[PDB]
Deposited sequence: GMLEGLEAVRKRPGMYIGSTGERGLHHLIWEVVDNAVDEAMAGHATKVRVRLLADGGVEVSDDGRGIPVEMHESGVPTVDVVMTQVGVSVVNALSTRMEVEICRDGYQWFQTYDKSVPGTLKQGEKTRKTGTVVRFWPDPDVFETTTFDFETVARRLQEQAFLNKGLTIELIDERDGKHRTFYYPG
């Protein structure tokens, strides 16, 4: 399971250095950007939080919430982003889908109870995660490393707007190439 990732993180992210740390944001960004071609997303927002966390938001389809375990718990324990869950102290996931907001938490990768919130016509996903400082040699995301990836992803997804906000210093950049 996720125990395997914690035991041998190098098998999943190459190392536990700064390049290993950046695998986490690369995965969560990738998953959001995937919704431009797969889910009619128009905007992805990436925030580098001053406490070391990361938030990635999109207006794609929303991770499926239908069930007897919710699909989001399967995603967050089985697929690419489960490595992020394994190596984070906590994650928060917000989904807009099927007419409602939905909220889930992971505490050392253990799911909370999926909560149905307010009605909404919006669709998309917000993923927030806090990399475990007991795993990583470095918990500082590099603005220019992240910017280079988001520029590539905007260029490969004509019409997608990607916003990067560094909450550590207020630095922000928007990436957009028209179709």
Just jot down which stretches of the deposited chain sequence have no CA coordinates, in the order they come.
1 to 4, 72 to 74
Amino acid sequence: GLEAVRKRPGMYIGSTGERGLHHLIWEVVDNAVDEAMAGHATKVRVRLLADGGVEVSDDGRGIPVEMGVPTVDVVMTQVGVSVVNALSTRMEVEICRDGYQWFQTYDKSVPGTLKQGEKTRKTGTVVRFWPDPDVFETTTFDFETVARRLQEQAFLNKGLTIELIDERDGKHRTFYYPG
From here on, numbers count along this sequence of modelled residues.
Averaging CA B factors per stretch from the PDB record, which one is higher: 29 to 37 or 129 to 137?
129 to 137
Using the B-factors recorded in the PDB entry, average over the C-alpha atoms of 19 to 27 and of 161 to 169, then report which stretch comes out higher.
161 to 169
Can you tell me which of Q101, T71, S88, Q104 has the highest Cα temperature factor in the record?
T71
Would you check the entry's CA temperature factor for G52 and let me know if it's in the chain's lowest, middle or highest third?
middle
Among all modelled residues of this chain, ranked by Cα B factor, put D142 in the bottom, middle or top third, i.e. lowest, middle or highest.
middle
Using the B-factor values recorded in the entry, state whether the Cα atom of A154 falls in the lowest, middle or highest third among the modelled residues of its chain.
middle
Can you tell me which third, lowest, middle or highest, the CA B-factor of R45 falls into for its chain?
lowest
Would the CA B-factor of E66 place it in the lowest, middle or highest third of its chain?
highest
